[PDB]
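Q: start02.cif is reproduced below (mmCIF, C-alpha atoms and all ligand atoms).
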```cif
data_entry
#
loop_
_atom_site.label_atom_id
_atom_site.label_comp_id
_atom_site.auth_asym_id
_atom_site.auth_seq_id
_atom_site.Cartn_x
_atom_site.Cartn_y
_atom_site.Cartn_z
CA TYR A 88 -0.83 -14.40 -12.07
CA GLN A 89 -0.19 -14.66 -8.32
CA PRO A 90 2.39 -12.04 -7.21
CA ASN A 91 4.90 -12.62 -4.35
CA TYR A 92 6.65 -9.26 -4.23
CA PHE A 93 5.53 -5.61 -4.46
CA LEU A 94 6.78 -2.07 -4.57
CA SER A 95 5.47 -0.29 -1.48
CA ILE A 96 5.29 3.32 -0.45
CA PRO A 97 5.51 3.22 3.37
CA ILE A 98 3.37 5.72 5.31
CA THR A 99 6.01 7.84 7.10
CA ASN A 100 3.57 10.44 8.55
CA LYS A 101 3.01 9.17 12.11
CA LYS A 102 -0.27 11.21 12.35
CA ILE A 103 -1.79 9.15 9.52
CA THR A 104 -0.86 5.77 11.02
CA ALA A 105 -1.87 6.86 14.54
CA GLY A 106 -5.31 8.00 13.23
CA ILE A 107 -5.78 4.70 11.46
CA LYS A 108 -4.93 2.87 14.74
CA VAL A 109 -7.78 4.81 16.37
CA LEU A 110 -10.08 3.81 13.54
CA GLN A 111 -9.10 0.13 13.85
CA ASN A 112 -9.57 0.22 17.60
CA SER A 113 -12.97 1.94 17.28
CA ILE A 114 -14.04 -0.90 15.02
CA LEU A 115 -12.71 -3.64 17.35
CA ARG A 116 -14.50 -2.24 20.40
CA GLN A 117 -17.75 -2.71 18.46
CA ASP A 118 -16.95 -6.25 17.30
CA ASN A 119 -13.84 -8.02 18.44
CA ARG A 120 -14.31 -10.75 15.81
CA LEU A 121 -12.66 -8.38 13.34
CA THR A 122 -9.30 -8.44 15.18
CA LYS A 123 -7.51 -10.75 12.76
CA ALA A 124 -8.77 -8.80 9.73
CA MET A 125 -6.91 -5.68 10.84
CA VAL A 126 -3.60 -4.95 9.19
CA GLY A 127 -0.74 -4.92 11.65
CA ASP A 128 0.82 -1.94 13.35
CA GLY A 129 3.81 -0.88 11.36
CA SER A 130 2.58 -2.35 8.05
CA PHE A 131 0.81 0.68 6.58
CA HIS A 132 1.66 1.32 2.93
CA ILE A 133 0.44 2.08 -0.55
CA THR A 134 1.05 -0.74 -3.05
CA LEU A 135 2.65 0.71 -6.17
CA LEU A 136 3.31 -2.41 -8.27
CA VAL A 137 2.99 -6.16 -7.73
CA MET A 138 5.30 -8.74 -9.35
CA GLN A 139 6.80 -12.26 -9.28
CA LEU A 140 10.45 -12.76 -8.19
CA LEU A 141 10.95 -16.49 -8.10
CA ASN A 142 14.61 -17.02 -7.31
CA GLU A 143 17.64 -15.23 -5.86
CA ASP A 144 18.81 -13.93 -9.23
CA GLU A 145 15.35 -12.43 -9.86
CA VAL A 146 15.34 -10.82 -6.44
CA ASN A 147 18.67 -9.17 -7.37
CA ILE A 148 17.24 -8.02 -10.74
CA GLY A 149 14.27 -6.53 -8.88
CA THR A 150 16.62 -4.54 -6.67
CA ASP A 151 18.40 -3.28 -9.79
CA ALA A 152 15.10 -2.29 -11.38
CA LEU A 153 14.07 -0.35 -8.30
CA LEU A 154 17.40 1.57 -8.32
CA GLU A 155 16.77 2.38 -11.98
CA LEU A 156 13.26 3.60 -11.19
CA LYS A 157 14.50 6.35 -8.82
CA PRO A 158 15.44 9.00 -11.46
CA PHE A 159 12.21 8.40 -13.40
CA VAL A 160 10.19 9.25 -10.29
CA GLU A 161 11.88 12.63 -9.89
CA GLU A 162 11.30 13.33 -13.63
CA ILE A 163 7.59 12.59 -13.22
CA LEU A 164 7.47 14.84 -10.15
CA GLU A 165 9.24 17.67 -11.98
CA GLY A 166 11.67 18.48 -9.16
CA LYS A 167 8.93 18.82 -6.55
CA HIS A 168 7.31 16.49 -4.09
CA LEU A 169 4.21 14.30 -4.32
CA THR A 170 1.70 15.11 -1.55
CA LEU A 171 -0.87 12.36 -0.95
CA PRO A 172 -3.94 13.45 1.12
CA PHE A 173 -5.60 10.54 2.93
CA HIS A 174 -9.22 11.33 3.56
CA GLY A 175 -12.29 9.20 4.20
CA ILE A 176 -13.01 5.47 4.02
CA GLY A 177 -13.67 3.29 0.96
CA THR A 178 -14.05 -0.47 0.41
CA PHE A 179 -13.65 -3.02 -2.33
CA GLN A 180 -17.09 -4.65 -2.17
CA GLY A 181 -17.11 -4.56 1.63
CA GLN A 182 -14.20 -7.05 1.81
CA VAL A 183 -11.22 -4.67 2.05
CA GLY A 184 -11.44 -1.44 4.04
CA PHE A 185 -9.09 1.37 3.16
CA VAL A 186 -8.39 5.03 3.73
CA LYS A 187 -9.05 6.83 0.45
CA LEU A 188 -6.65 8.92 -1.54
CA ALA A 189 -8.33 12.33 -1.99
CA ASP A 190 -8.90 13.34 -5.60
CA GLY A 191 -6.47 15.79 -7.24
CA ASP A 192 -3.41 16.21 -9.51
CA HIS A 193 -1.29 13.87 -7.39
CA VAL A 194 -3.47 10.93 -8.52
CA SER A 195 -2.33 11.17 -12.14
CA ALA A 196 1.29 11.55 -10.99
CA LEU A 197 0.99 8.45 -8.78
CA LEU A 198 -0.54 6.51 -11.73
CA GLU A 199 2.33 7.59 -13.99
CA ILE A 200 4.82 6.37 -11.44
CA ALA A 201 3.05 3.00 -11.28
CA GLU A 202 3.02 2.59 -15.06
CA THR A 203 6.69 3.61 -15.41
CA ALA A 204 7.56 1.16 -12.57
CA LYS A 205 5.77 -1.65 -14.49
CA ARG A 206 7.66 -0.84 -17.68
CA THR A 207 11.00 -0.57 -15.84
CA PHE A 208 10.56 -3.95 -14.21
CA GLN A 209 9.26 -5.73 -17.33
CA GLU A 210 12.24 -4.43 -19.36
CA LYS A 211 14.49 -6.17 -16.79
CA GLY A 212 12.61 -9.48 -17.26
CA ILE A 213 10.19 -9.32 -14.25
CA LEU A 214 6.51 -10.19 -14.65
CA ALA A 215 4.96 -7.16 -12.99
CA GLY A 216 1.72 -5.23 -12.85
CA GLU A 217 -1.94 -6.14 -13.24
CA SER A 218 -4.49 -5.95 -16.05
CA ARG A 219 -7.02 -4.41 -13.65
CA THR A 220 -7.05 -0.57 -13.31
CA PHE A 221 -4.70 0.66 -10.58
CA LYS A 222 -6.72 2.02 -7.65
CA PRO A 223 -4.35 3.47 -5.01
CA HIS A 224 -5.62 2.96 -1.47
CA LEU A 225 -4.30 2.64 2.09
CA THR A 226 -5.65 -0.65 3.52
CA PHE A 227 -6.61 -0.88 7.22
CA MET A 228 -8.36 -4.26 7.12
CA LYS A 229 -9.06 -7.17 4.80
CA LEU A 230 -11.45 -10.01 5.58
CA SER A 231 -9.32 -12.47 3.57
CA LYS A 232 -6.73 -12.23 6.36
CA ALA A 233 -9.25 -13.87 8.70
CA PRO A 234 -10.60 -16.88 6.81
CA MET A 235 -12.75 -18.07 9.76
CA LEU A 236 -14.91 -14.94 9.46
CA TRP A 237 -16.37 -16.07 6.05
CA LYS A 238 -17.10 -19.49 7.47
CA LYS A 239 -18.54 -17.79 10.60
CA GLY A 240 -20.97 -14.81 11.17
CA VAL A 241 -19.11 -11.98 9.29
CA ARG A 242 -19.18 -11.81 5.45
CA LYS A 243 -18.58 -8.07 4.89
CA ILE A 244 -17.38 -5.05 6.84
CA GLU A 245 -20.48 -3.36 8.28
CA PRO A 246 -20.27 0.33 7.22
CA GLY A 247 -21.80 1.36 10.58
CA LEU A 248 -18.51 0.25 12.15
CA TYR A 249 -16.57 3.14 10.54
CA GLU A 250 -19.33 5.73 10.03
CA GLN A 251 -17.70 8.28 12.33
CA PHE A 252 -14.61 8.28 10.13
CA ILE A 253 -16.19 7.99 6.66
CA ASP A 254 -15.12 11.56 5.93
CA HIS A 255 -12.15 12.03 8.29
CA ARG A 256 -8.90 13.72 7.23
CA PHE A 257 -6.20 11.28 8.26
CA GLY A 258 -3.39 13.51 7.05
CA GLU A 259 -1.05 14.03 4.13
CA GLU A 260 1.86 11.84 3.21
CA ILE A 261 4.70 13.28 1.19
CA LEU A 262 6.23 10.51 -0.90
CA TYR A 263 9.67 9.82 0.64
CA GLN A 264 10.55 6.18 -0.11
CA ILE A 265 9.72 3.18 -2.28
CA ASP A 266 10.55 -0.28 -0.96
CA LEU A 267 10.84 -3.66 -2.71
CA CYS A 268 8.95 -5.95 -0.30
CA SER A 269 8.29 -9.65 0.00
CA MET A 270 4.63 -10.60 0.46
CA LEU A 271 5.38 -13.95 2.14
CA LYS A 272 8.61 -13.63 4.16
CA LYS A 273 8.35 -12.90 7.88
CA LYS A 274 7.78 -9.27 8.78
CA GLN A 275 10.43 -7.03 10.32
CA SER A 276 10.41 -6.58 14.09
CA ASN A 277 8.73 -3.16 13.63
CA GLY A 278 5.81 -4.86 11.81
CA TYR A 279 6.73 -3.74 8.28
CA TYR A 280 7.13 -6.20 5.40
CA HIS A 281 10.47 -7.80 4.67
CA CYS A 282 12.38 -5.33 2.53
CA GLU A 283 14.88 -6.44 -0.09
CA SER A 284 15.83 -2.91 -1.14
CA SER A 285 14.62 0.72 -0.92
CA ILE A 286 15.11 4.00 -2.65
CA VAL A 287 14.72 7.54 -1.32
CA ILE A 288 12.40 10.00 -3.03
CA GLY A 289 12.32 13.73 -2.50
CA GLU A 290 15.64 14.18 -0.70
CA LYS A 291 18.79 16.04 -1.63
CA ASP A 292 21.27 13.42 -2.77
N1 LIG B 301 -8.52 -2.20 -8.06
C1 LIG B 301 -8.88 -3.12 -7.12
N2 LIG B 301 -10.12 -3.68 -7.03
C2 LIG B 301 -10.43 -4.61 -6.10
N3 LIG B 301 -9.59 -5.05 -5.15
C3 LIG B 301 -8.31 -4.55 -5.13
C4 LIG B 301 -7.89 -3.54 -6.11
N4 LIG B 301 -6.59 -3.23 -5.88
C5 LIG B 301 -6.22 -3.97 -4.82
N5 LIG B 301 -7.24 -4.76 -4.38
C6 LIG B 301 -7.19 -5.68 -3.23
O1 LIG B 301 -7.05 -4.94 -2.00
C7 LIG B 301 -6.29 -5.79 -1.13
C8 LIG B 301 -5.40 -4.97 -0.19
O2 LIG B 301 -4.58 -4.10 -0.97
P1 LIG B 301 -3.05 -3.92 -0.50
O3 LIG B 301 -3.12 -3.37 0.89
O4 LIG B 301 -2.48 -2.98 -1.55
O5 LIG B 301 -2.40 -5.29 -0.54
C9 LIG B 301 -5.40 -6.65 -2.01
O6 LIG B 301 -5.48 -8.01 -1.67
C10 LIG B 301 -5.90 -6.45 -3.39
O7 LIG B 301 -6.11 -7.73 -3.99
#
```
Would you mind giving the structure from this file in structure tokens?
Ligand SMILES: Nc1ncnc2c1ncn2[C@@H]1O[C@H](COP(=O)(O)O)[C@@H](O)[C@H]1O
A:
Amino acid sequence: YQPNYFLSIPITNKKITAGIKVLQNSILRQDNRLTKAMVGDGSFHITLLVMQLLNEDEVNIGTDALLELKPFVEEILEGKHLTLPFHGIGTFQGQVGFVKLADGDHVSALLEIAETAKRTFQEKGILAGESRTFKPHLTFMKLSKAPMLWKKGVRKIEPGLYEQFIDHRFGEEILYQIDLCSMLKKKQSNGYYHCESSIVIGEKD
């Protein structure tokens, strides 16, 4: 199905987003055609769950489901925090460029959160999740954003463009928030997606 909403973990570590800005700029100074493929300043996030919310009532149900999700996250994390190290560059078949999530224990925890989120939302009546295996990633560019590239002289991201960063430590993000975001509504003034609702993770209540 085609989703229109998603749960999003914003990247709150300014070092990570600043380092990705450098990476995007390094790429653009080599080929300015890639400008419209870059994700916008302020939009950096990890997608946790996609879904359809197709009317105002369903948007309100989604907000309720996210509120319900909060305690499950802290159960999964066992009263500690989830540290996400962002290191190196990966792609999905040269069409989407992302900063990779380093391997480690936090990957299984993040996967458990995604699966519990899917279950939580489905039990509230929301079509959510994907059949495809969840592959967490922090996108910096996607060719699909720039449909004239395909039609023109650029059909994949040349790996030479990001070679200097292929193995760069961007930084570590501690999970602090999950937002319910609209894919299609206008972005906030700070460049982030329209947010219906948000919960805090990892803080004293
Ligand atoms: N497991 C996957 N395999 C291939 N492409 C993916 C996968 N997960 C996400 N994508 C694509 O990566 C693009 C950017 O991801 P995102 O920044 O999370 O929206 C999305 O349009 C997804 O369709």
Q: Can you write out as a tab-separated table which residues of stretch 166-214 of chain A fall within 8 Å of stretch 219-233 of chain A, alongside each residue's closest atom pair and its distance in Å to one decimal, counting only C-alpha atoms and ordering rows by chain and ascending residue number?
A:
```
residue	atom	partner	partner_atom	distance
A:182	CA	A:230	CA	5.5
A:183	CA	A:229	CA	4.3
A:184	CA	A:228	CA	5.2
A:185	CA	A:226	CA	4.0
A:186	CA	A:225	CA	5.0
A:187	CA	A:224	CA	5.5
A:188	CA	A:224	CA	6.0
A:198	CA	A:221	CA	7.3
```
Q: Calculate how many Å separate atom CA of residue A:258 from atom CA of residue A:100, rounding to one decimal.
A: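 Between atom CA of residue A:258 and atom CA of residue A:100 the gap is 7.8 Å.
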Q: Under the rule that only C-alpha atoms and all ligand atoms are counted, which of A:147, A:209, A:104, A:218 is the nearest residue to ligand LIG 301 (chain B)?
A: A:218
Q: Please provide the set of residues having any atom within 12 Å of residue A:235, restricted to all atoms listed in the file, with same-chain residues fewer than 2 positions apart removed, written as a count of residues only.
A: 15
Q: Rounded to one decimal in Å, what is the spacing between atom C4 of ligand LIG 301 (chain B) and atom CA of residue A:252?
A: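 A separation of 21.2 Å between them.
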Q: Considering only C-alpha atoms and all ligand atoms, state which residue in the set A:211, A:193, A:168, A:132 is at the smallest distance from ligand LIG 301 (chain B).
A: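 Once distances to ligand LIG 301 (chain B) are computed over only C-alpha atoms and all ligand atoms, the minimum belongs to A:132.
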Q: Which residue is closest to ligand LIG 301 (chain B)? Choose from A:217, A:190, A:199, A:143 and count only C-alpha atoms and all ligand atoms.
A: A:217
Q: Tell me, as a PDB file with C-alpha atoms, keeping the file's coordinate frame, which residues lie within 8 Å of stretch 285-292 of chain A, counting all atoms listed in the file; anything in the same chain fewer than 6 positions away does not count.
A:
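Saved the output as selection_13.pdb:
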```
ATOM      1  CA  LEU A 153      14.070  -0.350  -8.300  1.00  0.00           C
ATOM      2  CA  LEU A 154      17.400   1.570  -8.320  1.00  0.00           C
ATOM      3  CA  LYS A 157      14.500   6.350  -8.820  1.00  0.00           C
ATOM      4  CA  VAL A 160      10.190   9.250 -10.290  1.00  0.00           C
ATOM      5  CA  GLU A 161      11.880  12.630  -9.890  1.00  0.00           C
ATOM      6  CA  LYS A 167       8.930  18.820  -6.550  1.00  0.00           C
ATOM      7  CA  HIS A 168       7.310  16.490  -4.090  1.00  0.00           C
ATOM      8  CA  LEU A 262       6.230  10.510  -0.900  1.00  0.00           C
ATOM      9  CA  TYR A 263       9.670   9.820   0.640  1.00  0.00           C
ATOM     10  CA  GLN A 264      10.550   6.180  -0.110  1.00  0.00           C
ATOM     11  CA  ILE A 265       9.720   3.180  -2.280  1.00  0.00           C
ATOM     12  CA  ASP A 266      10.550  -0.280  -0.960  1.00  0.00           C
ATOM     13  CA  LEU A 267      10.840  -3.660  -2.710  1.00  0.00           C
TER      14      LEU A 267
END
```
Q: Let me have the centre and edge lengths of the axis-aligned box enclosing all listed atoms of stretch 212-226 of chain A with 3 Å padding on every side, in Å to one decimal, as lines of an AutoDock Vina configuration file.
A:
```
center_x = 2.8
center_y = -3.4
center_z = -6.9
size_x = 25.7
size_y = 19.7
size_z = 26.8
```
Q: With all atoms listed in the file as the basis for distance, which of A:135, A:248, A:140, A:253 is at the shortest distance from residue A:97?
A: A:135
Q: As a VMD selection string, please: the residues near residue A:149 (cut-off 12 Å, only C-alpha atoms, same-chain neighbours under 3 positions excluded).
A: chain A and resid 92 to 94 136 to 146 152 to 156 204 to 205 207 to 215 266 to 269 282 to 285
